[PDB]
file structure.pdb (PDB, C-alpha atoms and all ligand atoms)
ATOM      1  CA  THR A  76     109.403 107.958  90.731
ATOM      2  CA  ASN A  77     110.352 110.512  88.059
ATOM      3  CA  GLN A  78     106.626 111.140  87.459
ATOM      4  CA  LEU A  79     105.774 111.711  91.133
ATOM      5  CA  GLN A  80     108.766 114.077  91.365
ATOM      6  CA  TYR A  81     107.365 115.986  88.365
ATOM      7  CA  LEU A  82     103.872 116.082  89.928
ATOM      8  CA  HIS A  83     105.390 117.472  93.151
ATOM      9  CA  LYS A  84     107.974 119.889  91.825
ATOM     10  CA  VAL A  85     106.405 121.008  88.514
ATOM     11  CA  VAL A  86     102.613 120.471  88.622
ATOM     12  CA  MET A  87     101.811 121.007  92.317
ATOM     13  CA  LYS A  88     104.182 123.985  92.729
ATOM     14  CA  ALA A  89     102.498 125.704  89.747
ATOM     15  CA  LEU A  90      98.981 125.124  91.126
ATOM     16  CA  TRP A  91      99.886 125.945  94.741
ATOM     17  CA  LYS A  92     101.134 129.479  94.104
ATOM     18  CA  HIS A  93      98.201 130.407  91.832
ATOM     19  CA  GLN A  94      96.028 133.332  92.941
ATOM     20  CA  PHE A  95      92.888 131.079  92.933
ATOM     21  CA  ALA A  96      94.602 128.264  94.891
ATOM     22  CA  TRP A  97      94.110 129.355  98.541
ATOM     23  CA  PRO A  98      90.775 127.576  99.085
ATOM     24  CA  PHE A  99      92.369 124.306  97.895
ATOM     25  CA  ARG A 100      95.592 124.320  99.984
ATOM     26  CA  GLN A 101      93.956 122.713 103.050
ATOM     27  CA  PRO A 102      90.843 120.606 103.738
ATOM     28  CA  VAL A 103      87.440 122.277 103.464
ATOM     29  CA  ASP A 104      86.537 123.409 107.004
ATOM     30  CA  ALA A 105      82.761 122.889 107.072
ATOM     31  CA  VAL A 106      82.429 124.212 110.638
ATOM     32  CA  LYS A 107      84.325 127.434 109.867
ATOM     33  CA  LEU A 108      82.512 127.935 106.530
ATOM     34  CA  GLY A 109      79.123 127.071 108.100
ATOM     35  CA  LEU A 110      78.379 124.134 105.782
ATOM     36  CA  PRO A 111      76.748 121.384 107.901
ATOM     37  CA  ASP A 112      75.781 119.351 104.796
ATOM     38  CA  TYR A 113      79.311 119.306 103.318
ATOM     39  CA  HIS A 114      80.395 115.926 104.740
ATOM     40  CA  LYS A 115      76.984 114.399 104.026
ATOM     41  CA  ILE A 116      77.464 115.181 100.317
ATOM     42  CA  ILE A 117      81.241 114.852  99.922
ATOM     43  CA  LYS A 118      82.342 111.430 101.195
ATOM     44  CA  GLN A 119      85.990 111.547 100.046
ATOM     45  CA  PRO A 120      87.357 115.007 100.930
ATOM     46  CA  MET A 121      90.581 115.932  99.168
ATOM     47  CA  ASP A 122      92.867 118.962  98.974
ATOM     48  CA  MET A 123      96.328 119.931  97.731
ATOM     49  CA  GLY A 124      97.766 119.992 101.274
ATOM     50  CA  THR A 125      96.840 116.310 101.674
ATOM     51  CA  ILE A 126      98.191 115.516  98.181
ATOM     52  CA  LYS A 127     101.487 117.370  98.853
ATOM     53  CA  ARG A 128     101.963 115.570 102.194
ATOM     54  CA  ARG A 129     101.315 112.232 100.456
ATOM     55  CA  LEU A 130     103.891 113.069  97.760
ATOM     56  CA  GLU A 131     106.437 113.959 100.478
ATOM     57  CA  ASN A 132     105.715 110.887 102.661
ATOM     58  CA  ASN A 133     106.112 108.526  99.658
ATOM     59  CA  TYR A 134     102.464 107.499  99.988
ATOM     60  CA  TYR A 135     101.935 107.097  96.228
ATOM     61  CA  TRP A 136     102.994 104.035  94.236
ATOM     62  CA  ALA A 137     102.167 105.473  90.798
ATOM     63  CA  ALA A 138     101.618 108.913  89.223
ATOM     64  CA  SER A 139      98.069 107.855  88.246
ATOM     65  CA  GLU A 140      97.198 107.545  91.955
ATOM     66  CA  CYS A 141      98.264 111.116  92.638
ATOM     67  CA  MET A 142      96.387 112.334  89.552
ATOM     68  CA  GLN A 143      93.247 110.584  90.857
ATOM     69  CA  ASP A 144      93.487 112.597  94.088
ATOM     70  CA  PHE A 145      93.710 115.898  92.154
ATOM     71  CA  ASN A 146      90.634 114.800  90.236
ATOM     72  CA  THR A 147      88.695 113.955  93.411
ATOM     73  CA  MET A 148      89.477 117.442  94.772
ATOM     74  CA  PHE A 149      88.167 119.203  91.657
ATOM     75  CA  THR A 150      85.171 116.861  91.272
ATOM     76  CA  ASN A 151      84.159 117.421  94.921
ATOM     77  CA  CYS A 152      84.084 121.173  94.273
ATOM     78  CA  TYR A 153      81.836 120.790  91.180
ATOM     79  CA  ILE A 154      79.497 118.290  92.849
ATOM     80  CA  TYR A 155      78.916 120.246  96.076
ATOM     81  CA  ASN A 156      78.789 123.891  94.964
ATOM     82  CA  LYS A 157      76.232 125.817  92.931
ATOM     83  CA  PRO A 158      77.300 126.052  89.249
ATOM     84  CA  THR A 159      77.407 129.876  89.519
ATOM     85  CA  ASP A 160      79.646 130.028  92.659
ATOM     86  CA  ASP A 161      83.069 131.691  92.181
ATOM     87  CA  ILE A 162      84.773 128.592  93.673
ATOM     88  CA  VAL A 163      83.654 126.570  90.625
ATOM     89  CA  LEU A 164      85.391 129.041  88.257
ATOM     90  CA  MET A 165      88.501 128.895  90.476
ATOM     91  CA  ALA A 166      88.553 125.045  90.356
ATOM     92  CA  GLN A 167      88.034 125.049  86.544
ATOM     93  CA  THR A 168      91.034 127.409  86.107
ATOM     94  CA  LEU A 169      93.328 125.312  88.314
ATOM     95  CA  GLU A 170      92.084 122.090  86.676
ATOM     96  CA  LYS A 171      92.966 123.398  83.204
ATOM     97  CA  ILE A 172      96.499 124.198  84.412
ATOM     98  CA  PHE A 173      96.821 120.737  85.969
ATOM     99  CA  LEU A 174      95.980 119.102  82.637
ATOM    100  CA  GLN A 175      98.340 121.381  80.669
ATOM    101  CA  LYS A 176     101.240 120.436  82.958
ATOM    102  CA  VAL A 177     100.300 116.737  83.095
ATOM    103  CA  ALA A 178     100.566 116.652  79.270
ATOM    104  CA  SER A 179     104.332 117.334  79.560
ATOM    105  CA  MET A 180     104.953 114.741  82.308
ATOM    106  CA  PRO A 181     107.916 112.323  81.771
ATOM    107  CA  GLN A 182     107.136 108.756  80.651
ATOM    108  CA  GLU A 183     107.701 105.706  82.893
TER     109      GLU A 183
ATOM    110  CA  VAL B  75      99.525 114.378  63.660
ATOM    111  CA  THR B  76     101.616 114.160  66.851
ATOM    112  CA  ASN B  77     102.814 111.166  68.885
ATOM    113  CA  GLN B  78     100.577 112.298  71.768
ATOM    114  CA  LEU B  79      97.441 112.774  69.651
ATOM    115  CA  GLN B  80      97.938 109.273  68.225
ATOM    116  CA  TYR B  81      98.087 107.915  71.774
ATOM    117  CA  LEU B  82      94.907 109.848  72.643
ATOM    118  CA  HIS B  83      93.100 108.340  69.642
ATOM    119  CA  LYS B  84      94.404 104.755  69.721
ATOM    120  CA  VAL B  85      94.726 104.183  73.495
ATOM    121  CA  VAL B  86      92.535 106.723  75.340
ATOM    122  CA  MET B  87      89.542 107.182  72.996
ATOM    123  CA  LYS B  88      89.572 103.498  72.002
ATOM    124  CA  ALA B  89      89.306 102.512  75.683
ATOM    125  CA  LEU B  90      86.562 105.031  76.532
ATOM    126  CA  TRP B  91      84.371 104.730  73.411
ATOM    127  CA  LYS B  92      83.642 101.036  73.871
ATOM    128  CA  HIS B  93      83.115 101.227  77.666
ATOM    129  CA  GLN B  94      79.782  99.989  79.033
ATOM    130  CA  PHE B  95      79.170 103.386  80.727
ATOM    131  CA  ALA B  96      80.112 105.401  77.603
ATOM    132  CA  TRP B  97      76.700 105.531  75.894
ATOM    133  CA  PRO B  98      75.417 108.772  77.499
ATOM    134  CA  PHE B  99      78.633 110.536  76.434
ATOM    135  CA  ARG B 100      78.890 109.354  72.791
ATOM    136  CA  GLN B 101      76.751 112.249  71.476
ATOM    137  CA  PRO B 102      75.849 115.750  72.699
ATOM    138  CA  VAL B 103      73.386 116.065  75.564
ATOM    139  CA  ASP B 104      69.941 116.450  73.970
ATOM    140  CA  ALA B 105      68.150 118.783  76.405
ATOM    141  CA  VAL B 106      64.805 118.420  74.601
ATOM    142  CA  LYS B 107      64.913 114.618  74.662
ATOM    143  CA  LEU B 108      66.021 114.494  78.318
ATOM    144  CA  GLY B 109      63.563 117.209  79.444
ATOM    145  CA  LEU B 110      66.287 119.529  80.758
ATOM    146  CA  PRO B 111      65.249 123.110  79.817
ATOM    147  CA  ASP B 112      67.996 124.624  82.024
ATOM    148  CA  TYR B 113      70.866 122.547  80.594
ATOM    149  CA  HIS B 114      72.190 125.158  78.141
ATOM    150  CA  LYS B 115      71.645 127.935  80.667
ATOM    151  CA  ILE B 116      74.029 126.191  83.081
ATOM    152  CA  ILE B 117      76.469 124.479  80.685
ATOM    153  CA  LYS B 118      77.946 127.026  78.240
ATOM    154  CA  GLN B 119      80.453 124.792  76.414
ATOM    155  CA  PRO B 120      78.838 121.399  75.780
ATOM    156  CA  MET B 121      81.236 118.567  74.919
ATOM    157  CA  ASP B 122      80.926 114.840  74.178
ATOM    158  CA  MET B 123      83.044 111.887  73.000
ATOM    159  CA  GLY B 124      81.509 111.827  69.497
ATOM    160  CA  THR B 125      82.716 115.390  68.929
ATOM    161  CA  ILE B 126      86.163 114.562  70.342
ATOM    162  CA  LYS B 127      86.420 111.370  68.254
ATOM    163  CA  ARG B 128      85.447 113.275  65.084
ATOM    164  CA  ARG B 129      88.072 115.918  65.883
ATOM    165  CA  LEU B 130      90.774 113.248  66.328
ATOM    166  CA  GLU B 131      89.695 111.545  63.075
ATOM    167  CA  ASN B 132      89.714 114.872  61.178
ATOM    168  CA  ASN B 133      93.043 116.207  62.562
ATOM    169  CA  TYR B 134      91.237 119.162  64.176
ATOM    170  CA  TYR B 135      93.616 119.372  67.153
ATOM    171  CA  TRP B 136      96.945 121.207  66.995
ATOM    172  CA  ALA B 137      98.103 119.791  70.329
ATOM    173  CA  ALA B 138      97.340 116.860  72.662
ATOM    174  CA  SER B 139      96.553 119.279  75.514
ATOM    175  CA  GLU B 140      93.667 120.726  73.443
ATOM    176  CA  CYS B 141      92.081 117.267  73.164
ATOM    177  CA  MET B 142      92.673 116.643  76.878
ATOM    178  CA  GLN B 143      90.830 119.888  77.718
ATOM    179  CA  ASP B 144      87.827 118.683  75.669
ATOM    180  CA  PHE B 145      87.678 115.425  77.649
ATOM    181  CA  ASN B 146      87.962 117.424  80.853
ATOM    182  CA  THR B 147      85.185 119.843  79.823
ATOM    183  CA  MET B 148      82.888 116.894  79.055
ATOM    184  CA  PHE B 149      83.406 115.415  82.512
ATOM    185  CA  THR B 150      83.301 118.752  84.337
ATOM    186  CA  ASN B 151      80.020 119.722  82.628
ATOM    187  CA  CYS B 152      78.524 116.496  83.967
ATOM    188  CA  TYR B 153      79.627 117.154  87.583
ATOM    189  CA  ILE B 154      78.458 120.791  87.526
ATOM    190  CA  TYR B 155      75.031 120.182  85.985
ATOM    191  CA  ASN B 156      73.890 116.998  87.731
ATOM    192  CA  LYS B 157      72.998 116.240  91.352
ATOM    193  CA  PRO B 158      75.662 114.559  93.570
ATOM    194  CA  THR B 159      73.527 111.389  93.814
ATOM    195  CA  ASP B 160      72.823 110.991  90.069
ATOM    196  CA  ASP B 161      74.081 107.761  88.472
ATOM    197  CA  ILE B 162      75.562 109.743  85.564
ATOM    198  CA  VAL B 163      78.122 111.228  87.980
ATOM    199  CA  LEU B 164      79.361 107.716  88.920
ATOM    200  CA  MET B 165      79.522 106.800  85.225
ATOM    201  CA  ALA B 166      81.554 109.932  84.422
ATOM    202  CA  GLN B 167      83.924 109.238  87.337
ATOM    203  CA  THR B 168      84.524 105.674  86.098
ATOM    204  CA  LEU B 169      85.398 106.884  82.610
ATOM    205  CA  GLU B 170      87.514 109.777  83.898
ATOM    206  CA  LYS B 171      89.607 107.378  86.010
ATOM    207  CA  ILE B 172      90.474 105.437  82.850
ATOM    208  CA  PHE B 173      91.223 108.743  81.085
ATOM    209  CA  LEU B 174      93.674 109.742  83.836
ATOM    210  CA  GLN B 175      95.233 106.283  84.045
ATOM    211  CA  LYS B 176      95.957 106.265  80.308
ATOM    212  CA  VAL B 177      97.059 109.924  80.241
ATOM    213  CA  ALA B 178      99.711 109.108  82.893
ATOM    214  CA  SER B 179     101.462 106.925  80.257
ATOM    215  CA  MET B 180     101.095 109.356  77.318
ATOM    216  CA  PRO B 181     104.365 110.109  75.502
ATOM    217  CA  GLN B 182     106.237 113.155  76.823
TER     218      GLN B 182
HETATM  219  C1  LIG C   1      87.678 124.353  97.817
HETATM  220  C2  LIG C   1      86.229 124.262  98.167
HETATM  221  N1  LIG C   1      85.513 123.309  97.641
HETATM  222  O1  LIG C   1      84.190 123.478  98.152
HETATM  223  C3  LIG C   1      84.200 124.540  98.971
HETATM  224  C4  LIG C   1      82.911 124.898  99.624
HETATM  225  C5  LIG C   1      85.455 125.079  99.014
HETATM  226  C6  LIG C   1      85.886 126.265  99.799
HETATM  227  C7  LIG C   1      85.258 127.493  99.619
HETATM  228  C8  LIG C   1      85.736 128.627 100.267
HETATM  229  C9  LIG C   1      86.844 128.539 101.096
HETATM  230  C10 LIG C   1      87.472 127.327 101.276
HETATM  231  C11 LIG C   1      86.998 126.193 100.628
HETATM  232  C1  LIG C   2      76.296 112.930  80.018
HETATM  233  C2  LIG C   2      75.242 113.775  80.655
HETATM  234  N1  LIG C   2      75.600 114.833  81.323
HETATM  235  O1  LIG C   2      74.400 115.422  81.803
HETATM  236  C3  LIG C   2      73.374 114.663  81.389
HETATM  237  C4  LIG C   2      72.016 115.102  81.792
HETATM  238  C5  LIG C   2      73.844 113.607  80.668
HETATM  239  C6  LIG C   2      73.038 112.536  80.030
HETATM  240  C7  LIG C   2      72.224 111.726  80.808
HETATM  241  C8  LIG C   2      71.505 110.685  80.232
HETATM  242  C9  LIG C   2      71.595 110.440  78.880
HETATM  243  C10 LIG C   2      72.410 111.236  78.086
HETATM  244  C11 LIG C   2      73.133 112.285  78.661
END

call {"tool": "encode", "arguments": {"input": "structure.pdb", "output": "structure tokens", "more": "lines below"}}
Ligand SMILES: Cc1noc(C)c1-c1ccccc1
Ligand SMILES: Cc1noc(C)c1-c1ccccc1
result
Amino acid sequence: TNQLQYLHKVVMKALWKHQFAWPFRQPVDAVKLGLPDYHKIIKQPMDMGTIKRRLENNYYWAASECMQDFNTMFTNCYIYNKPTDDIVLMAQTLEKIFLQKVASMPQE
Amino acid sequence: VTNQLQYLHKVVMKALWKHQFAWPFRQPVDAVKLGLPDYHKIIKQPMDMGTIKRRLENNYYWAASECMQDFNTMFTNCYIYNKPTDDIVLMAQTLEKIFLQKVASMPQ
């Protein structure tokens, strides 16, 4: 759709290149990061790499569905991490940009 | 008074305000009442639907994005402060899904 094209080419491209985006471009690697409780707490892992691949494989049926995945990614970060962790501030910044760009999305 | 702000008031806020899970969000978190002495130490910008509704009623917002950021802050505060297993997190997620669904059809 026009909306999914906007989410891919306008919203995602703007988040992806951001200086705080690198932790969110691929799944959380709990082994590498040494977080053995990560998958016990976060039951629906999500990241922008997964979202981008879904957008490109025509996985989504509606823009809302893609937006839900972005939300899961941010929510997972807030739920798992300590409120004072830098990663929370990084998610908040990206999330604010996501909403700004979503506000200008085409209507269909 | 913009087309988008009207949508936020008449479609988004209308849908969320009356929801069966909305009650904890209709007024600011009362840390004294709930016995949460650390709430304001962790959450620096409290937000709730009553405040947002008032702002929409009183033409406080200059742009739809500003209102959208208030909704987002309300939900994000809830995910950051509470434990992963708290019911309030599920309630917030249910409301936020509706928020995103409706926002996907907001006028461009
Ligand atoms: C992203 C993200 N969400 O939770 C954690 C933990 C991360 C993360 C932190 C550092 C590097 C990569 C991912
Ligand atoms: C909403 C909300 N966010 O954190 C807390 C704590 C609440 C809350 C829980 C029960 C009743 C009212 C607010």

call {"tool": "resolve_selection", "arguments": {"input": "structure.pdb", "expression": "the PyMOL selection byres (((chain A and resi 76-92) around 10) and not hetatm)", "output": "number ranges by chain"}}
result
A: 93-97, 99-100, 123-124, 126-131, 133, 135-142, 145, 168-170, 172-177, 179-183; B: 178-179

call {"tool": "resolve_selection", "arguments": {"input": "structure.pdb", "expression": "the PyMOL selection byres (((not hetatm)) within 12 of (chain C and resi 2))", "output": "JSON, numbers by chain"}}
result
{"B": [95, 96, 97, 98, 99, 100, 101, 102, 103, 104, 105, 106, 107, 108, 109, 110, 111, 112, 113, 114, 116, 117, 120, 121, 122, 123, 124, 145, 147, 148, 149, 150, 151, 152, 153, 154, 155, 156, 157, 158, 160, 161, 162, 163, 164, 165, 166, 167, 169]}

call {"tool": "resolve_selection", "arguments": {"input": "structure.pdb", "expression": "the PyMOL selection byres (((not hetatm)) within 7 of (chain C and resi 1))", "output": "VMD selection string"}}
result
chain A and resid 98 to 99 103 to 104 108 151 to 152 155 to 156 162

call {"tool": "residues_near_point", "arguments": {"input": "structure.pdb", "point": "(91.9, 116.9, 98.1)", "cutoff": "7 Å", "atoms": "all atoms listed in the file", "output": "JSON, numbers by chain"}}
result
{"A": [102, 120, 121, 122, 123, 125, 126, 144, 145, 147, 148]}

call {"tool": "residues_around", "arguments": {"input": "structure.pdb", "residues": "region 79-86 of chain B", "least_positions_apart": "5", "cutoff": "7 Å", "atoms": "only C-alpha atoms", "output": "ChimeraX atom specification"}}
result
/B:130,138,173,176,180

call {"tool": "closest_residue", "arguments": {"input": "structure.pdb", "among": "A:167, A:101, A:132, A:119", "to": "chain B", "atoms": "only C-alpha atoms"}}
result
A:167

call {"tool": "decode", "arguments": {"input": "structure.pdb", "residues": "region 77-171 of chain A", "atoms": "C-alpha atoms", "output": "short mmCIF file (atom, residue, chain, number, x, y, z; two decimals), in the first residue's frame"}}
result
data_model
loop_
_atom_site.label_atom_id
_atom_site.label_comp_id
_atom_site.auth_asym_id
_atom_site.auth_seq_id
_atom_site.Cartn_x
_atom_site.Cartn_y
_atom_site.Cartn_z
CA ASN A 77 0.84 3.72 -0.12
CA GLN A 78 1.04 3.71 3.70
CA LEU A 79 3.39 0.72 3.93
CA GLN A 80 5.58 2.36 1.26
CA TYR A 81 5.67 5.51 3.41
CA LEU A 82 6.51 3.47 6.54
CA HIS A 83 9.37 1.79 4.63
CA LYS A 84 10.80 4.67 2.66
CA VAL A 85 10.06 7.66 4.94
CA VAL A 86 9.61 6.46 8.55
CA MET A 87 11.94 3.44 8.71
CA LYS A 88 14.74 5.10 6.69
CA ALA A 89 14.68 8.08 9.09
CA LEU A 90 14.85 5.86 12.20
CA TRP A 91 17.41 3.43 10.75
CA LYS A 92 20.14 5.99 10.08
CA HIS A 93 19.74 7.70 13.48
CA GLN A 94 22.80 7.74 15.75
CA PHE A 95 20.82 5.93 18.54
CA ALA A 96 19.42 3.28 16.16
CA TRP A 97 22.21 0.64 16.09
CA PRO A 98 20.92 -1.44 19.03
CA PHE A 99 17.52 -1.70 17.29
CA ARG A 100 18.63 -2.74 13.76
CA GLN A 101 18.79 -6.47 14.59
CA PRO A 102 17.30 -8.78 17.24
CA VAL A 103 18.56 -8.48 20.82
CA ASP A 104 21.32 -11.09 21.18
CA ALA A 105 20.87 -12.25 24.79
CA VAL A 106 23.82 -14.66 24.61
CA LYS A 107 26.22 -12.00 23.30
CA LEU A 108 24.93 -9.35 25.75
CA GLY A 109 24.95 -11.84 28.66
CA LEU A 110 21.23 -11.52 29.45
CA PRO A 111 19.93 -15.02 30.31
CA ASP A 112 16.58 -13.63 31.58
CA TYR A 113 15.83 -11.63 28.41
CA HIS A 114 13.66 -14.26 26.67
CA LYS A 115 11.95 -15.17 29.94
CA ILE A 116 10.73 -11.56 30.26
CA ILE A 117 10.29 -10.55 26.60
CA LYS A 118 8.01 -13.07 24.88
CA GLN A 119 7.57 -11.24 21.54
CA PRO A 120 11.01 -9.97 20.47
CA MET A 121 10.94 -7.31 17.77
CA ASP A 122 13.48 -5.14 15.95
CA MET A 123 13.72 -2.85 12.92
CA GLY A 124 15.59 -5.48 10.87
CA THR A 125 12.62 -7.84 11.25
CA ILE A 126 10.17 -5.00 10.48
CA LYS A 127 12.15 -3.92 7.37
CA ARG A 128 12.31 -7.51 6.07
CA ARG A 129 8.54 -7.85 6.61
CA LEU A 130 7.92 -4.60 4.70
CA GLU A 131 10.10 -5.87 1.82
CA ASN A 132 8.56 -9.39 1.75
CA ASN A 133 5.00 -7.95 1.63
CA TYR A 134 4.25 -9.54 5.00
CA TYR A 135 1.98 -6.70 6.16
CA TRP A 136 -1.66 -6.31 5.12
CA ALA A 137 -2.19 -2.89 6.74
CA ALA A 138 -0.04 0.01 7.99
CA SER A 139 -1.49 -0.48 11.50
CA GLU A 140 0.13 -3.94 11.62
CA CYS A 141 3.56 -2.51 10.90
CA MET A 142 3.01 0.27 13.45
CA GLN A 143 2.14 -2.39 16.05
CA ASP A 144 5.52 -4.05 15.47
CA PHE A 145 7.37 -0.75 16.01
CA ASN A 146 5.42 -0.36 19.23
CA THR A 147 6.29 -3.88 20.43
CA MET A 148 9.99 -3.12 19.85
CA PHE A 149 9.90 0.08 21.92
CA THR A 150 7.65 -1.42 24.62
CA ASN A 151 9.98 -4.43 25.00
CA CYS A 152 12.88 -2.05 25.65
CA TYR A 153 10.95 -0.14 28.37
CA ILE A 154 9.62 -3.30 30.04
CA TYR A 155 12.94 -5.17 30.25
CA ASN A 156 15.51 -2.46 31.02
CA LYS A 157 16.10 -0.36 34.13
CA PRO A 158 14.44 3.08 33.80
CA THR A 159 17.86 4.77 34.11
CA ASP A 160 19.62 2.71 31.37
CA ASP A 161 20.85 4.69 28.32
CA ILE A 162 18.96 2.28 26.00
CA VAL A 163 15.66 3.59 27.41
CA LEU A 164 16.59 7.19 26.46
CA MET A 165 17.64 5.94 23.00
CA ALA A 166 14.26 4.15 22.50
CA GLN A 167 12.32 7.24 23.71
CA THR A 168 14.16 9.44 21.16
CA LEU A 169 13.51 7.06 18.25
CA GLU A 170 9.89 6.56 19.37
CA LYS A 171 9.25 10.32 19.32
#
